[PDB]
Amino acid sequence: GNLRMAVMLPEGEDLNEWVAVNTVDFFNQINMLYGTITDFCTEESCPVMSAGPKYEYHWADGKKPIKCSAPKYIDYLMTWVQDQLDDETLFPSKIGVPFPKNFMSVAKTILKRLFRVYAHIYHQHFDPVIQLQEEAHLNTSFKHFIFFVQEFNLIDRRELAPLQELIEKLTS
């Protein structure tokens, strides 16, 4: 099916809410996704969190970088995003409570790091991904993710570098 129509913002629907829901969804998807490949990123397979040799990812962002392996980066990333979603001052659960005025910031941040997970998986563990019939599901999840991101421009294009190999290919 097509998601260009679906990922769009409906009439009267608050943007931050839409973004929140979709972000949570993609978060769950990615969580299970790595949950199936957690036995393969063993820190000997991925000594440094990187979307391939060229594209390398550090946790914090500079003066200068700090050592960041992949399983640490990802385990954290999960715990972190979970904490963010559980933060009632960012992701309210009661209808009377409005979003903070800085929501879209951490939205873009979270989605960016989720994409970084997508990247480490697509590049470093492409081979063991096929060891079980799973590439289609990954392609679907990532497709929805990218359609959404593009439709609302939630990640800088300069960040989407290490996966363009399929990006424009997938949106035929």
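Numbering starts at 1 and follows the sequence shown.
Unmodelled residues of the deposited sequence between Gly62 and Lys63: 1 to 3. Looking at mean Cα B-factors across 145 to 153 and 160 to 168, the upper value is held by 160 to 168. Just going by the entry, 63 to 71 versus 110 to 118 on mean CA temperature factor gives the higher value to 63 to 71. Ranking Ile130, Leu138, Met104, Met32 by Cα temperature factor from the entry places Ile130 first.
Annotation for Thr38: CA B-factor lies in the highest third of the chain's modelled residues.
Among all modelled residues in this chain, the alpha-carbon of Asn28 has a temperature factor (C-alpha) in the lowest third.
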